[PDB]
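To start, the structure under review is shown below, and the notes come after it.
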Amino acid sequence: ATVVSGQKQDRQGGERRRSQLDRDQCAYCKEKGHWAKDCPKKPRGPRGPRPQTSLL
RNA sequence: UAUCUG
Ligand SMILES: [Zn+2]
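Under PDB author numbering, the first sequence has 35 at position 35, and the numbering climbs by one with no breaks.
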C-alpha cells in the first residue's frame, strides 16, 4: 500500500499577481528585508522531491 | 487549515 493520511487534492495554479514583490522583499513569507533564498522560514531545500526530468 | 512566482 501507499498512503500518509487520506488527502486527495492537486492543483498547479495560474493567474496570481506577484503583489508588490520588492527587489528587496521576500517572495515566500512576504517579508521585507530578506530574500526568499534567505527566508528565515525556509527550513531546508530544495523542496518538492519530483524526479521529473522532462520539461526544459 | 501545505508561501522560494524575483
Ligand atoms: Zn521570507
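No residue lacks a Cβ here, since even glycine has one placed at the ideal position from N, Cα and C.
**Prompt:** How about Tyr28 and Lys8: do their beta carbons lie closer than 8 Å?
**Reply:** Translated into the one-based positions of the first sequence, residue 28 becomes position 28. Translated into the one-based positions of the first sequence, residue 8 becomes position 8. No, they are not a contact pair.
**Message:** Among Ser19, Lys37, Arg23, whose alpha-carbon lies nearest the alpha-carbon of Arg47?
**Reply:** Indexing the first sequence from 1 puts residue 47 at position 47. If we check each option's Cα against that of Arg47, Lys37 comes out closest.
**Request:** Can you tell me which of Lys32, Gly14, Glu15 puts its alpha carbon nearest to the alpha carbon of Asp22?
**Result:** Numbered from 1 along the first sequence, position 22 holds the residue referred to as residue 22. Per the Cα distances, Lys32.
**Asked** How many angstroms separate the CA atom of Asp10 from the CA atom of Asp24?
**Response** The residue you call residue 10 lines up with position 10 of the first sequence. The residue you call residue 24 lines up with position 24 of the first sequence. Taking the straight line joining both Cα atoms gives about 31 Å.
**Prompt:** Under the DSSP definition of a beta bridge, which residues are partnered with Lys37?
**Reply:** On the first sequence, residue 37 is found 37 positions in, with the first residue counted as 1. Per DSSP, none; premise fails for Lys37.
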